[PDB]
file input01.txt (compact mmCIF, C-alpha atoms and all ligand atoms)
# COMPACT_ATOMS: atom_id res chain seq x y z
CA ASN A 143 -24.34 62.16 18.55
CA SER A 144 -20.66 61.80 19.65
CA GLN A 145 -21.81 60.56 23.14
CA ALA A 146 -24.25 58.15 21.41
CA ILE A 147 -21.37 56.72 19.28
CA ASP A 148 -19.21 56.33 22.43
CA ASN A 149 -22.08 54.44 24.16
CA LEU A 150 -22.62 52.23 21.05
CA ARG A 151 -18.88 51.37 20.99
CA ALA A 152 -18.85 50.52 24.75
CA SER A 153 -22.07 48.46 24.42
CA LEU A 154 -20.74 46.51 21.38
CA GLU A 155 -17.41 45.80 23.18
CA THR A 156 -19.39 44.38 26.12
CA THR A 157 -21.76 42.45 23.77
CA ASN A 158 -18.67 40.86 22.14
CA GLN A 159 -17.50 39.68 25.62
CA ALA A 160 -20.97 38.17 26.32
CA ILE A 161 -20.80 36.27 22.99
CA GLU A 162 -17.30 34.95 23.90
CA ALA A 163 -18.70 33.58 27.22
CA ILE A 164 -21.56 31.78 25.34
CA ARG A 165 -18.94 30.42 22.86
CA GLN A 166 -16.93 29.03 25.80
CA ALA A 167 -20.10 27.43 27.28
CA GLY A 168 -20.50 25.71 23.86
CA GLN A 169 -16.97 24.28 24.13
CA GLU A 170 -17.88 22.74 27.52
CA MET A 171 -21.12 21.25 26.09
CA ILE A 172 -19.08 19.51 23.31
CA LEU A 173 -16.83 17.99 26.01
CA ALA A 174 -19.93 16.89 28.04
CA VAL A 175 -21.61 15.16 25.11
CA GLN A 176 -18.35 13.52 24.00
CA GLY A 177 -18.11 12.20 27.59
CA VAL A 178 -21.62 10.76 27.49
CA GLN A 179 -20.83 8.94 24.18
CA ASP A 180 -17.50 7.58 25.54
CA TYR A 181 -19.27 6.24 28.71
CA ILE A 182 -22.14 4.61 26.66
CA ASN A 183 -19.65 2.93 24.31
CA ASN A 184 -16.83 1.93 26.72
CA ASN B 143 -18.35 61.17 12.85
CA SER B 144 -19.26 59.17 9.64
CA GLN B 145 -15.93 57.23 9.95
CA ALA B 146 -16.97 56.09 13.49
CA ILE B 147 -20.44 55.10 12.14
CA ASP B 148 -18.88 53.03 9.30
CA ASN B 149 -16.54 51.34 11.82
CA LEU B 150 -19.44 50.52 14.21
CA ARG B 151 -21.51 49.15 11.26
CA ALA B 152 -18.61 46.96 10.09
CA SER B 153 -17.98 45.70 13.68
CA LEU B 154 -21.70 44.92 14.24
CA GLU B 155 -22.03 43.09 10.90
CA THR B 156 -19.04 40.90 11.88
CA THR B 157 -20.48 40.38 15.42
CA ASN B 158 -23.79 39.25 13.86
CA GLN B 159 -21.82 36.69 11.71
CA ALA B 160 -20.11 35.37 14.90
CA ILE B 161 -23.51 34.96 16.64
CA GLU B 162 -24.87 33.08 13.61
CA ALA B 163 -21.90 30.66 13.84
CA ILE B 164 -22.60 30.05 17.57
CA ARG B 165 -26.31 29.58 16.75
CA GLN B 166 -25.44 26.91 14.15
CA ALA B 167 -23.09 25.23 16.70
CA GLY B 168 -26.11 25.09 19.05
CA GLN B 169 -28.22 23.44 16.32
CA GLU B 170 -25.52 20.72 15.97
CA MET B 171 -25.51 20.16 19.74
CA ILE B 172 -29.28 19.62 19.73
CA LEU B 173 -28.81 17.02 16.94
CA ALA B 174 -26.06 15.29 18.96
CA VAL B 175 -28.17 15.04 22.15
CA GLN B 176 -31.23 13.85 20.17
CA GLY B 177 -28.87 11.23 18.64
CA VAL B 178 -27.91 10.06 22.15
CA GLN B 179 -31.59 9.82 23.19
CA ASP B 180 -32.51 7.92 19.98
CA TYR B 181 -29.60 5.48 20.54
CA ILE B 182 -30.59 4.80 24.18
CA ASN B 183 -34.34 4.40 23.38
CA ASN B 184 -33.88 2.17 20.27
CA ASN C 143 -25.62 60.98 11.04
CA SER C 144 -28.58 60.97 13.58
CA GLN C 145 -30.56 58.37 11.50
CA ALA C 146 -27.46 56.12 11.08
CA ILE C 147 -26.92 56.23 14.88
CA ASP C 148 -30.60 55.35 15.50
CA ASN C 149 -30.27 52.36 13.04
CA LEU C 150 -27.07 51.15 14.80
CA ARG C 151 -28.80 51.39 18.25
CA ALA C 152 -31.88 49.49 17.00
CA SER C 153 -29.65 46.85 15.31
CA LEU C 154 -27.54 46.36 18.48
CA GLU C 155 -30.63 46.15 20.77
CA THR C 156 -32.03 43.43 18.40
CA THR C 157 -28.64 41.64 18.33
CA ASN C 158 -28.59 41.62 22.17
CA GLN C 159 -32.11 40.02 22.14
CA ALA C 160 -30.77 37.31 19.73
CA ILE C 161 -27.85 36.58 22.10
CA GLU C 162 -30.21 36.26 25.10
CA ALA C 163 -32.29 33.70 23.12
CA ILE C 164 -29.13 31.66 22.34
CA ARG C 165 -28.16 31.89 26.03
CA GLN C 166 -31.61 30.50 26.99
CA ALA C 167 -31.17 27.71 24.40
CA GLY C 168 -27.86 26.89 26.10
CA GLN C 169 -29.59 26.62 29.49
CA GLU C 170 -32.10 24.11 28.02
CA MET C 171 -29.20 22.14 26.48
CA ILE C 172 -27.55 21.90 29.96
CA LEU C 173 -30.87 20.63 31.39
CA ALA C 174 -31.06 18.03 28.57
CA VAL C 175 -27.48 16.70 29.07
CA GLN C 176 -28.01 16.66 32.90
CA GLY C 177 -31.15 14.61 32.16
CA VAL C 178 -29.18 12.14 29.99
CA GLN C 179 -26.61 11.70 32.78
CA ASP C 180 -29.34 11.29 35.46
CA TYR C 181 -31.14 8.67 33.31
CA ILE C 182 -27.88 6.74 32.71
CA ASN C 183 -26.88 6.79 36.43
CA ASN C 184 -30.29 6.54 38.16
CA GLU D 455 -35.22 2.34 27.68
CA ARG D 456 -37.32 5.61 28.06
CA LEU D 457 -34.91 8.61 28.22
CA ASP D 458 -37.04 11.76 27.95
CA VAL D 459 -35.25 15.11 27.34
CA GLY D 460 -37.01 15.99 24.04
CA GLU D 461 -38.94 18.85 25.65
CA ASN D 462 -35.66 20.55 26.67
CA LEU D 463 -34.36 19.96 23.14
CA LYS D 464 -37.64 21.40 21.67
CA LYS D 465 -37.35 24.53 23.84
CA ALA D 466 -33.70 24.89 22.74
CA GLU D 467 -34.82 24.58 19.07
CA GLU D 468 -37.51 27.22 19.61
CA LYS D 469 -35.03 29.62 21.27
CA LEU D 470 -32.50 29.16 18.43
CA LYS D 471 -35.28 29.87 15.87
CA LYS D 472 -36.26 33.02 17.85
CA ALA D 473 -32.57 34.06 17.71
CA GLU D 474 -32.36 33.37 13.94
CA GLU D 475 -35.38 35.64 13.31
CA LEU D 476 -33.91 38.39 15.56
CA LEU D 477 -30.55 38.20 13.69
CA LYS D 478 -32.38 38.56 10.36
CA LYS D 479 -34.15 41.67 11.80
CA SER D 480 -30.85 43.12 13.04
CA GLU D 481 -29.24 42.68 9.57
CA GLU D 482 -32.31 44.27 7.87
CA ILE D 483 -32.08 47.37 10.20
CA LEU D 484 -28.30 47.67 9.47
CA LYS D 485 -28.71 47.35 5.66
CA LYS D 486 -31.30 50.23 5.54
CA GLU E 455 -24.03 -0.98 16.84
CA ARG E 456 -21.99 1.93 18.36
CA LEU E 457 -23.21 5.41 19.39
CA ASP E 458 -21.54 8.10 17.29
CA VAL E 459 -22.65 11.76 17.22
CA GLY E 460 -19.09 12.87 16.41
CA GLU E 461 -20.12 14.41 13.04
CA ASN E 462 -22.41 16.85 14.92
CA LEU E 463 -19.77 17.56 17.60
CA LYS E 464 -17.05 18.21 14.92
CA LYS E 465 -19.37 20.62 13.03
CA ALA E 466 -20.16 22.36 16.36
CA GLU E 467 -16.41 22.74 17.11
CA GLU E 468 -15.70 24.17 13.60
CA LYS E 469 -18.57 26.68 14.05
CA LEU E 470 -17.31 27.76 17.53
CA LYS E 471 -13.78 28.34 16.15
CA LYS E 472 -15.24 30.32 13.20
CA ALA E 473 -17.12 32.45 15.78
CA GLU E 474 -13.90 32.98 17.84
CA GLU E 475 -12.04 34.42 14.84
CA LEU E 476 -15.03 36.62 13.78
CA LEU E 477 -15.18 38.10 17.35
CA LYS E 478 -11.45 38.93 17.12
CA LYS E 479 -12.12 40.63 13.77
CA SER E 480 -15.06 42.64 15.27
CA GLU E 481 -12.80 43.74 18.20
CA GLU E 482 -10.00 44.72 15.72
CA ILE E 483 -12.44 46.84 13.65
CA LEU E 484 -13.71 48.52 16.89
CA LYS E 485 -10.11 49.31 17.99
CA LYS E 486 -9.67 51.18 14.61
CA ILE F 452 -11.15 8.62 35.73
CA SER F 453 -13.68 6.26 37.40
CA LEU F 454 -15.50 4.22 34.70
CA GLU F 455 -18.30 3.26 37.24
CA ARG F 456 -20.81 6.21 36.94
CA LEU F 457 -21.07 8.87 34.23
CA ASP F 458 -19.74 12.29 35.39
CA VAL F 459 -19.82 15.22 32.94
CA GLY F 460 -21.04 17.42 35.85
CA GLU F 461 -17.88 19.57 35.86
CA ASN F 462 -18.34 20.43 32.13
CA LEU F 463 -22.06 21.21 32.71
CA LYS F 464 -21.25 23.43 35.77
CA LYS F 465 -18.53 25.30 33.77
CA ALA F 466 -21.09 25.83 30.98
CA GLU F 467 -23.62 27.16 33.57
CA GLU F 468 -20.99 29.58 34.95
CA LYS F 469 -20.14 30.87 31.43
CA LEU F 470 -23.85 31.42 30.62
CA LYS F 471 -24.21 33.37 33.95
CA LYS F 472 -21.16 35.50 32.98
CA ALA F 473 -22.77 36.10 29.55
CA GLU F 474 -26.07 37.21 31.18
CA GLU F 475 -24.26 39.74 33.39
CA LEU F 476 -22.35 41.15 30.37
CA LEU F 477 -25.62 41.45 28.34
CA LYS F 478 -27.13 43.36 31.32
CA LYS F 479 -24.09 45.70 31.29
CA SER F 480 -24.38 46.20 27.47
CA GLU F 481 -28.09 47.12 27.69
CA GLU F 482 -27.40 49.48 30.69
CA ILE F 483 -24.74 51.29 28.56
CA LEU F 484 -27.18 51.57 25.58
CA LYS F 485 -30.07 52.82 27.84
CA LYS F 486 -27.77 55.68 29.10
ZN ZN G 1 -16.63 60.95 22.96
ZN ZN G 2 -16.47 59.52 20.78
ZN ZN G 3 -13.24 23.36 30.44
ZN ZN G 4 -33.14 60.14 15.39
ZN ZN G 5 -37.45 24.62 30.29
ZN ZN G 6 -10.41 28.60 20.69
ZN ZN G 7 -8.14 30.81 20.86
ZN ZN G 8 -17.74 15.01 39.27
ZN ZN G 9 -31.40 35.57 34.37
ZN ZN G 10 -26.02 48.67 36.80

call {"tool": "encode", "arguments": {"input": "input01.txt", "output": "structure tokens", "more": "lines below"}}
Ligand SMILES: [Zn+2]
Ligand SMILES: [Zn+2]
Ligand SMILES: [Zn+2]
Ligand SMILES: [Zn+2]
Ligand SMILES: [Zn+2]
Ligand SMILES: [Zn+2]
Ligand SMILES: [Zn+2]
Ligand SMILES: [Zn+2]
Ligand SMILES: [Zn+2]
Ligand SMILES: [Zn+2]
result
Amino acid sequence: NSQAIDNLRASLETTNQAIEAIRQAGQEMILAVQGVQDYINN
Amino acid sequence: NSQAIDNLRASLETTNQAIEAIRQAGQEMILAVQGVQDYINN
Amino acid sequence: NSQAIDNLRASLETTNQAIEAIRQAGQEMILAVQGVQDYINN
Amino acid sequence: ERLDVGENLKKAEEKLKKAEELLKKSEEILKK
Amino acid sequence: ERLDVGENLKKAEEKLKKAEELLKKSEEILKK
Amino acid sequence: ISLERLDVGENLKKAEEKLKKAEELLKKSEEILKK
């Protein structure tokens, strides 16, 4: 059980890093779509 | 250790809330790109 | 705490599946915005 | 004009709905 | 008529920042 | 910036790279759980 808890903690730390990378991809998509709108309008 | 279990539970609940926020951000990005398509086509 | 640890493992495995789905949504969103740019330019 | 990316947007919608249902399942497993 | 999907982009940005701060909280809990 | 052609390609490529990084981290997380 102690080894299982260690593995869960390591897995959840790594999962949190994967979610941060997806969050950062989302920030780039906001910049992309804002750029499309600015081109269409200007 | 029950304290480790409670910590992991609390961390995972909070991680699941973060993922839900990114999911909802994704929903908004779909609406934005559909808005661009609708603008161009109409 | 064997049952608690099994519940955390099952919860985290499911959470990881959710993240992979959001990642795949993000890939489709990149294809969509690429498609908007290619339409506008080409 | 005939811009056509709605199928990518539909697939993204479907994947986000699949994720919503998996997140509900994860929370149910945690609560029990 | 002007294209404006800024309401959707602003909501997306708010949601991404909410997620950032929740991930920091998860990491803090884990560190404990 | 050039106002001639639309270019959000650098944002889209950065998003692609971040999604690839996420996929590798999710593989690492599942490998840790499987052990
Ligand atoms: Zn240990
Ligand atoms: Zn330990
Ligand atoms: Zn950037
Ligand atoms: Zn068991
Ligand atoms: Zn596809
Ligand atoms: Zn930030
Ligand atoms: Zn920050
Ligand atoms: Zn370029
Ligand atoms: Zn892959
Ligand atoms: Zn490996």

call {"tool": "residues_around", "arguments": {"input": "input01.txt", "residues": "range 462-472 of chain E", "least_positions_apart": "5", "cutoff": "7 Å", "atoms": "only C-alpha atoms", "output": "mmCIF file with C-alpha atoms, in the coordinates of the input"}}
result
data_model
loop_
_atom_site.group_PDB
_atom_site.id
_atom_site.type_symbol
_atom_site.label_atom_id
_atom_site.label_comp_id
_atom_site.auth_asym_id
_atom_site.auth_seq_id
_atom_site.Cartn_x
_atom_site.Cartn_y
_atom_site.Cartn_z
ATOM 1 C CA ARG A 165 -18.940 30.420 22.860
ATOM 2 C CA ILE A 172 -19.080 19.510 23.310
ATOM 3 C CA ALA B 163 -21.900 30.660 13.840
ATOM 4 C CA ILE B 164 -22.600 30.050 17.570
ATOM 5 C CA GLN B 166 -25.440 26.910 14.150
ATOM 6 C CA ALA B 167 -23.090 25.230 16.700
ATOM 7 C CA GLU B 170 -25.520 20.720 15.970
ATOM 8 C CA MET B 171 -25.510 20.160 19.740
ATOM 9 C CA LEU B 173 -28.810 17.020 16.940
ATOM 10 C CA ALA B 174 -26.060 15.290 18.960
#

call {"tool": "residues_around", "arguments": {"input": "input01.txt", "residues": "residue 478 in chain D", "least_positions_apart": "4", "cutoff": "12 Å", "atoms": "all atoms listed in the file", "output": "compact mmCIF listing (two decimals) with C-alpha atoms, in the frame of the given file"}}
result
# COMPACT_ATOMS: atom_id res chain seq x y z
CA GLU B 155 -22.03 43.09 10.90
CA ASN B 158 -23.79 39.25 13.86
CA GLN B 159 -21.82 36.69 11.71
CA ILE B 161 -23.51 34.96 16.64
CA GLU B 162 -24.87 33.08 13.61
CA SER C 153 -29.65 46.85 15.31
CA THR C 156 -32.03 43.43 18.40
CA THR C 157 -28.64 41.64 18.33
CA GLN C 159 -32.11 40.02 22.14
CA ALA C 160 -30.77 37.31 19.73
CA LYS D 471 -35.28 29.87 15.87
CA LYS D 472 -36.26 33.02 17.85
CA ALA D 473 -32.57 34.06 17.71
CA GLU D 474 -32.36 33.37 13.94
CA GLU D 482 -32.31 44.27 7.87
CA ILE D 483 -32.08 47.37 10.20
CA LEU D 484 -28.30 47.67 9.47
CA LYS D 485 -28.71 47.35 5.66

call {"tool": "closest_residue", "arguments": {"input": "input01.txt", "among": "A:154, A:149, A:176, A:169", "to": "ligand ZN 7 (chain G)", "atoms": "all atoms listed in the file"}}
result
A:169

call {"tool": "calpha_fit_and_write", "arguments": {"input": "input01.txt", "fixed": "chain A", "moving": "chain C", "output": "PDB file with C-alpha atoms, keeping the file's coordinate frame"}}
result
ATOM      1  CA  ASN C 143     -23.441  62.541  18.637  1.00  0.00           C
ATOM      2  CA  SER C 144     -19.895  61.774  20.068  1.00  0.00           C
ATOM      3  CA  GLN C 145     -21.356  60.470  23.411  1.00  0.00           C
ATOM      4  CA  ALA C 146     -23.974  58.302  21.596  1.00  0.00           C
ATOM      5  CA  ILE C 147     -21.169  56.782  19.458  1.00  0.00           C
ATOM      6  CA  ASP C 148     -19.064  56.089  22.587  1.00  0.00           C
ATOM      7  CA  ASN C 149     -22.131  54.363  24.234  1.00  0.00           C
ATOM      8  CA  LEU C 150     -22.730  52.228  21.090  1.00  0.00           C
ATOM      9  CA  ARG C 151     -19.005  51.193  21.005  1.00  0.00           C
ATOM     10  CA  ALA C 152     -19.021  50.288  24.725  1.00  0.00           C
ATOM     11  CA  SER C 153     -22.334  48.375  24.315  1.00  0.00           C
ATOM     12  CA  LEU C 154     -21.022  46.418  21.283  1.00  0.00           C
ATOM     13  CA  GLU C 155     -17.672  45.586  22.992  1.00  0.00           C
ATOM     14  CA  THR C 156     -19.699  44.236  25.999  1.00  0.00           C
ATOM     15  CA  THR C 157     -22.042  42.312  23.652  1.00  0.00           C
ATOM     16  CA  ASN C 158     -18.995  40.706  21.954  1.00  0.00           C
ATOM     17  CA  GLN C 159     -17.715  39.614  25.435  1.00  0.00           C
ATOM     18  CA  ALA C 160     -21.172  38.021  26.117  1.00  0.00           C
ATOM     19  CA  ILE C 161     -20.990  36.097  22.809  1.00  0.00           C
ATOM     20  CA  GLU C 162     -17.478  34.802  23.619  1.00  0.00           C
ATOM     21  CA  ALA C 163     -18.795  33.502  26.992  1.00  0.00           C
ATOM     22  CA  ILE C 164     -21.667  31.667  25.221  1.00  0.00           C
ATOM     23  CA  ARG C 165     -19.133  30.259  22.729  1.00  0.00           C
ATOM     24  CA  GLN C 166     -17.031  28.942  25.662  1.00  0.00           C
ATOM     25  CA  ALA C 167     -20.196  27.439  27.213  1.00  0.00           C
ATOM     26  CA  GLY C 168     -20.779  25.672  23.888  1.00  0.00           C
ATOM     27  CA  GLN C 169     -17.260  24.199  23.977  1.00  0.00           C
ATOM     28  CA  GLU C 170     -17.933  22.777  27.482  1.00  0.00           C
ATOM     29  CA  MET C 171     -21.260  21.344  26.241  1.00  0.00           C
ATOM     30  CA  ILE C 172     -19.388  19.531  23.396  1.00  0.00           C
ATOM     31  CA  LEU C 173     -16.938  18.115  25.979  1.00  0.00           C
ATOM     32  CA  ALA C 174     -19.907  16.941  28.114  1.00  0.00           C
ATOM     33  CA  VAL C 175     -21.747  15.180  25.225  1.00  0.00           C
ATOM     34  CA  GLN C 176     -18.418  13.617  24.032  1.00  0.00           C
ATOM     35  CA  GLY C 177     -18.041  12.372  27.626  1.00  0.00           C
ATOM     36  CA  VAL C 178     -21.553  10.837  27.596  1.00  0.00           C
ATOM     37  CA  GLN C 179     -20.766   9.037  24.322  1.00  0.00           C
ATOM     38  CA  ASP C 180     -17.349   7.828  25.612  1.00  0.00           C
ATOM     39  CA  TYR C 181     -18.964   6.517  28.837  1.00  0.00           C
ATOM     40  CA  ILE C 182     -21.709   4.697  26.871  1.00  0.00           C
ATOM     41  CA  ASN C 183     -19.222   3.111  24.393  1.00  0.00           C
ATOM     42  CA  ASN C 184     -16.169   2.505  26.628  1.00  0.00           C
TER      43      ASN C 184
END

call {"tool": "residues_near_ligand", "arguments": {"input": "input01.txt", "ligand": "ligand ZN 2 (chain G)", "cutoff": "8 Å", "atoms": "all atoms listed in the file", "output": "number ranges by chain"}}
result
A: 144-148

call {"tool": "write_last_selection", "arguments": {"input": "input01.txt", "atoms": "C-alpha atoms", "output": "PDB file, in the coordinates of the input"}}
result
ATOM      1  CA  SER A 144     -20.660  61.800  19.650  1.00  0.00           C
ATOM      2  CA  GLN A 145     -21.810  60.560  23.140  1.00  0.00           C
ATOM      3  CA  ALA A 146     -24.250  58.150  21.410  1.00  0.00           C
ATOM      4  CA  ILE A 147     -21.370  56.720  19.280  1.00  0.00           C
ATOM      5  CA  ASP A 148     -19.210  56.330  22.430  1.00  0.00           C
TER       6      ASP A 148
END

call {"tool": "calpha_fit_and_write", "arguments": {"input": "input01.txt", "fixed": "chain E", "moving": "chain D", "output": "PDB file with C-alpha atoms, in the frame of the given file"}}
result
ATOM      1  CA  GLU D 455     -22.020  -0.026  21.372  1.00  0.00           C
ATOM      2  CA  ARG D 456     -21.583   2.250  18.230  1.00  0.00           C
ATOM      3  CA  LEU D 457     -23.167   5.683  18.965  1.00  0.00           C
ATOM      4  CA  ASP D 458     -22.143   8.009  16.124  1.00  0.00           C
ATOM      5  CA  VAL D 459     -22.783  11.778  16.550  1.00  0.00           C
ATOM      6  CA  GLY D 460     -19.132  12.920  16.191  1.00  0.00           C
ATOM      7  CA  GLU D 461     -19.808  14.550  12.818  1.00  0.00           C
ATOM      8  CA  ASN D 462     -22.458  16.825  14.397  1.00  0.00           C
ATOM      9  CA  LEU D 463     -20.000  17.591  17.203  1.00  0.00           C
ATOM     10  CA  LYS D 464     -17.225  18.316  14.601  1.00  0.00           C
ATOM     11  CA  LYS D 465     -19.508  20.711  12.693  1.00  0.00           C
ATOM     12  CA  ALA D 466     -20.395  22.418  16.004  1.00  0.00           C
ATOM     13  CA  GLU D 467     -16.641  22.755  16.788  1.00  0.00           C
ATOM     14  CA  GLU D 468     -15.997  24.235  13.339  1.00  0.00           C
ATOM     15  CA  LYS D 469     -18.862  26.747  13.719  1.00  0.00           C
ATOM     16  CA  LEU D 470     -17.621  27.819  17.182  1.00  0.00           C
ATOM     17  CA  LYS D 471     -14.090  28.307  15.739  1.00  0.00           C
ATOM     18  CA  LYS D 472     -15.581  30.391  12.869  1.00  0.00           C
ATOM     19  CA  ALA D 473     -17.375  32.485  15.537  1.00  0.00           C
ATOM     20  CA  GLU D 474     -14.162  32.895  17.595  1.00  0.00           C
ATOM     21  CA  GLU D 475     -12.312  34.242  14.524  1.00  0.00           C
ATOM     22  CA  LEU D 476     -15.216  36.620  13.691  1.00  0.00           C
ATOM     23  CA  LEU D 477     -15.248  37.936  17.309  1.00  0.00           C
ATOM     24  CA  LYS D 478     -11.492  38.586  17.108  1.00  0.00           C
ATOM     25  CA  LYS D 479     -12.122  40.539  13.841  1.00  0.00           C
ATOM     26  CA  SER D 480     -14.950  42.533  15.439  1.00  0.00           C
ATOM     27  CA  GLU D 481     -12.711  43.513  18.414  1.00  0.00           C
ATOM     28  CA  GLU D 482      -9.854  44.498  16.024  1.00  0.00           C
ATOM     29  CA  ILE D 483     -12.242  46.807  14.011  1.00  0.00           C
ATOM     30  CA  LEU D 484     -13.509  48.401  17.292  1.00  0.00           C
ATOM     31  CA  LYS D 485      -9.985  48.977  18.718  1.00  0.00           C
ATOM     32  CA  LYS D 486      -8.840  50.879  15.542  1.00  0.00           C
TER      33      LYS D 486
END

call {"tool": "residues_near_ligand", "arguments": {"input": "input01.txt", "ligand": "ligand ZN 10 (chain G)", "cutoff": "9 Å", "atoms": "only C-alpha atoms and all ligand atoms", "output": "CSV table (one decimal) with C-alpha atoms, in the coordinates of the input"}}
result
chain,number,residue,atom,x,y,z
F,478,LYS,CA,-27.1,43.4,31.3
F,479,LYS,CA,-24.1,45.7,31.3
F,482,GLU,CA,-27.4,49.5,30.7
F,483,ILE,CA,-24.7,51.3,28.6

call {"tool": "closest_residue", "arguments": {"input": "input01.txt", "among": "F:458, F:480, F:453, F:486", "to": "chain A", "atoms": "all atoms listed in the file"}}
result
F:480

call {"tool": "residues_near_point", "arguments": {"input": "input01.txt", "point": "(-21.4, 5.5, 34.6)", "cutoff": "9 Å", "atoms": "all atoms listed in the file", "output": "list in words"}}
result
residues 178, 181 and 182 of chain A; 179, 182 and 183 of chain C; 453, 454, 455, 456, 457 and 458 of chain F

call {"tool": "interface_residues", "arguments": {"input": "input01.txt", "of": "chain F", "to": "chain A", "cutoff": "6 Å", "atoms": "all atoms listed in the file", "output": "compact mmCIF listing (two decimals) with C-alpha atoms, keeping the file's coordinate frame"}}
result
# COMPACT_ATOMS: atom_id res chain seq x y z
CA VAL F 459 -19.82 15.22 32.94
CA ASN F 462 -18.34 20.43 32.13
CA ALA F 466 -21.09 25.83 30.98
CA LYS F 469 -20.14 30.87 31.43
CA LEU F 470 -23.85 31.42 30.62
CA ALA F 473 -22.77 36.10 29.55
CA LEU F 476 -22.35 41.15 30.37
CA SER F 480 -24.38 46.20 27.47
CA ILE F 483 -24.74 51.29 28.56

call {"tool": "decode", "arguments": {"input": "input01.txt", "residues": "range 158-169 of chain C", "atoms": "N, CA, C and O atoms", "output": "PDB file, in the first residue's frame"}}
result
ATOM      1  N   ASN C 158      -7.054  10.550 -16.322  1.00  0.00           N
ATOM      2  CA  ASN C 158      -6.092  10.564 -17.442  1.00  0.00           C
ATOM      3  C   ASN C 158      -6.819  10.385 -18.789  1.00  0.00           C
ATOM      4  O   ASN C 158      -6.405  10.989 -19.786  1.00  0.00           O
ATOM      5  N   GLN C 159      -7.822   9.486 -18.824  1.00  0.00           N
ATOM      6  CA  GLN C 159      -8.637   9.295 -20.054  1.00  0.00           C
ATOM      7  C   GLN C 159      -9.323  10.615 -20.446  1.00  0.00           C
ATOM      8  O   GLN C 159      -9.388  10.904 -21.650  1.00  0.00           O
ATOM      9  N   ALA C 160      -9.835  11.359 -19.457  1.00  0.00           N
ATOM     10  CA  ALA C 160     -10.533  12.643 -19.733  1.00  0.00           C
ATOM     11  C   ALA C 160      -9.518  13.610 -20.385  1.00  0.00           C
ATOM     12  O   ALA C 160      -9.828  14.334 -21.343  1.00  0.00           O
ATOM     13  N   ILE C 161      -8.313  13.662 -19.799  1.00  0.00           N
ATOM     14  CA  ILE C 161      -7.288  14.589 -20.325  1.00  0.00           C
ATOM     15  C   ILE C 161      -6.944  14.221 -21.756  1.00  0.00           C
ATOM     16  O   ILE C 161      -6.788  15.098 -22.609  1.00  0.00           O
ATOM     17  N   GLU C 162      -6.810  12.930 -22.077  1.00  0.00           N
ATOM     18  CA  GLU C 162      -6.479  12.516 -23.442  1.00  0.00           C
ATOM     19  C   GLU C 162      -7.591  12.961 -24.407  1.00  0.00           C
ATOM     20  O   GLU C 162      -7.303  13.389 -25.529  1.00  0.00           O
ATOM     21  N   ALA C 163      -8.850  12.866 -23.990  1.00  0.00           N
ATOM     22  CA  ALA C 163      -9.961  13.347 -24.833  1.00  0.00           C
ATOM     23  C   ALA C 163      -9.841  14.856 -25.095  1.00  0.00           C
ATOM     24  O   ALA C 163     -10.054  15.295 -26.222  1.00  0.00           O
ATOM     25  N   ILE C 164      -9.539  15.633 -24.052  1.00  0.00           N
ATOM     26  CA  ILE C 164      -9.369  17.091 -24.239  1.00  0.00           C
ATOM     27  C   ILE C 164      -8.176  17.362 -25.160  1.00  0.00           C
ATOM     28  O   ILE C 164      -8.208  18.271 -26.011  1.00  0.00           O
ATOM     29  N   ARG C 165      -7.089  16.597 -25.003  1.00  0.00           N
ATOM     30  CA  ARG C 165      -5.946  16.737 -25.910  1.00  0.00           C
ATOM     31  C   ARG C 165      -6.347  16.490 -27.368  1.00  0.00           C
ATOM     32  O   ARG C 165      -5.961  17.272 -28.240  1.00  0.00           O
ATOM     33  N   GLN C 166      -7.170  15.494 -27.598  1.00  0.00           N
ATOM     34  CA  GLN C 166      -7.637  15.131 -28.962  1.00  0.00           C
ATOM     35  C   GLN C 166      -8.577  16.221 -29.477  1.00  0.00           C
ATOM     36  O   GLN C 166      -8.485  16.605 -30.653  1.00  0.00           O
ATOM     37  N   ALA C 167      -9.381  16.811 -28.594  1.00  0.00           N
ATOM     38  CA  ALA C 167     -10.214  17.976 -28.985  1.00  0.00           C
ATOM     39  C   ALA C 167      -9.296  19.104 -29.454  1.00  0.00           C
ATOM     40  O   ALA C 167      -9.575  19.810 -30.414  1.00  0.00           O
ATOM     41  N   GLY C 168      -8.216  19.336 -28.712  1.00  0.00           N
ATOM     42  CA  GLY C 168      -7.277  20.401 -29.052  1.00  0.00           C
ATOM     43  C   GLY C 168      -6.679  20.177 -30.405  1.00  0.00           C
ATOM     44  O   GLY C 168      -6.488  21.144 -31.157  1.00  0.00           O
ATOM     45  N   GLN C 169      -6.341  18.932 -30.751  1.00  0.00           N
ATOM     46  CA  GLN C 169      -5.790  18.628 -32.084  1.00  0.00           C
ATOM     47  C   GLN C 169      -6.806  18.996 -33.165  1.00  0.00           C
ATOM     48  O   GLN C 169      -6.389  19.473 -34.254  1.00  0.00           O
TER      49      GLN C 169
END
